[PDB]
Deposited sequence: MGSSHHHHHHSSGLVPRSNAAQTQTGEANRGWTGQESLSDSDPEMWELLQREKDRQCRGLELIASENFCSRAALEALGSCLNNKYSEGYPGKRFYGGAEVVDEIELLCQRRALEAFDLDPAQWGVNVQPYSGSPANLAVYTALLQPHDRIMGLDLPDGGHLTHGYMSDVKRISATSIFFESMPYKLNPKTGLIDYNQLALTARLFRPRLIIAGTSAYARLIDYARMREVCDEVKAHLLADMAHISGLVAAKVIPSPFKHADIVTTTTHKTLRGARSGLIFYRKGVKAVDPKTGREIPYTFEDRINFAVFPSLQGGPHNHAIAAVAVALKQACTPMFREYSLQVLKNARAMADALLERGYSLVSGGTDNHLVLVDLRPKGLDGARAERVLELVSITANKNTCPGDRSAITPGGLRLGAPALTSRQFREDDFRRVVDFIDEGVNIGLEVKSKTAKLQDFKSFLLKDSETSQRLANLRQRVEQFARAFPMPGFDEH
């Protein structure tokens, strides 16, 4: 036994499952706003010998030896991270060791806050992420709701926008110490300047969680949150088209010096670094760190800006093709990579639409809309451009995807009229032959349309 046997040679059971997952990715139209297809160059570094190296600590401040090579790889990842987002290495540092986006956020809170210090983020049904302090009326859901006291700021139900006025009012009372400016389901751009005004007033840290829009920020196709934020966390994947990892950007240098004359310095670096390790994480995923450095240099290139520009064009094309077919969009449309469709004005919900679209090899996700009246049957979908755009989808290709969706939406509408509760709805798509065959037809037309496009990564897995 050498450990050099191939995967297809030594574990055929796992090899098939790998192929069937690649086949499902190829034959399907992935429209999840957070998903993307990773480059082969990054996947070759993700499954590399860097997995074997334990390198606890930081470059030049590690606690083992033998880290001579992973030091260069992390600092290359740090330099590629600052270059990708056009940051001055004198004003910004970046930690590239977080295991994912969730650990990146929790590291920031641990770094800058004490347990039960106060946190403000967009509520999850309104478009905020779990790690922004999601707490329901019955349960503390996220660990950020347990180890810290969080109060959500809400959308304006009449506009679909963040209610920046209500947030300013409720922040003067809640007196938070950190406010997250970041979304998981919000089709418009965040007024980071208005967020900094609120944070500057209530003396709170302004954290920007550009996880969903990191690639669009790097390509300079939307306003960058670094002009206003003190801390910026992001997800390595999603729009950046990398492996699964996380980043924490922090201001460094001089914050302010009335009468003193001595520059009051930024104190984020040592706190952020200590929270990531040794506080929260163990050994860094060096194979991830190298895979994201691969993807970060890809984001510095002229290729990547043309890719992000197509994502906004495709999102805009998806927006108009849905509006011009009888669908409403919350906030009216989009300014980024995603669309938030309202399907109450169509007669369907998000849950049954997700199930009927999943059965035709179209992957979306339900999303709470402002005008909802329940949570098991939300009235909207969330559709993302970046996934199919990496398959060289263009505007006219996304309008054809919308034609495939409204086809399935109408099958669900017809099935909803014959059913009532959701479980017998889902049970209907599995037994009724007329609905079963009509689903298999739409899926076969969808799989045919999808397989023709290229797919990043390897050929077979």
Exercise. Where are the holes in the model when you compare it to the deposited sequence?
Worked result: 1 to 31, 288
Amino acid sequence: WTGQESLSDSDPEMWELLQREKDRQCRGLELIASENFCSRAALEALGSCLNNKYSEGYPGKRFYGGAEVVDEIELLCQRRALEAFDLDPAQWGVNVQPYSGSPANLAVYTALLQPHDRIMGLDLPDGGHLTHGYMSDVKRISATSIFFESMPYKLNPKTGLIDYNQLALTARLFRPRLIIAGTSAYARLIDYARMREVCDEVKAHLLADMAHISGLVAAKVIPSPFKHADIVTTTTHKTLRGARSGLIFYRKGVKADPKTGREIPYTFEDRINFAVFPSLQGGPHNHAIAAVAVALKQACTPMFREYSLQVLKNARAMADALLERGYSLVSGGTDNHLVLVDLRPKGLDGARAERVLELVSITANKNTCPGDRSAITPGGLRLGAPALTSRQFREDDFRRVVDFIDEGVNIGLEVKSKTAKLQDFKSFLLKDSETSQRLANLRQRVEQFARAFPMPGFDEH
From here on, numbers count along this sequence of modelled residues.
Problem set entry | Comparing 278 to 286 with 132 to 140, the one whose average Cα B-factor in the PDB entry is higher | 132 to 140
For this session: Can you let me know which of the two, 341 to 349 or 84 to 92, has the higher average C-alpha B-factor in the entry?
Result: 341 to 349
For this session: Identify, among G47, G412, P59, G65, the residue whose C-alpha carries the highest B-factor in the deposited PDB entry.
Result: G412
Exercise. Of the options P115, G242, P302, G246, which has the highest CA B factor as deposited?
Worked result: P302
Problem set entry | Among modelled residues of the same chain, the CA temperature factor third for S224 | middle
For this session: Divide the modelled residues of the chain into thirds by Cα B-factor and specify which third, lowest, middle or highest, holds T233.
Result: lowest
For this session: Taking the chain's C-alpha temperature factors as the reference, tell me which third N156 falls into: lowest, middle or highest.
Result: middle
Problem set entry | Within-chain third of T334 by Cα B-factor, per the entry | highest
Problem set entry | Third of chain Cα B-factors occupied by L439 | highest
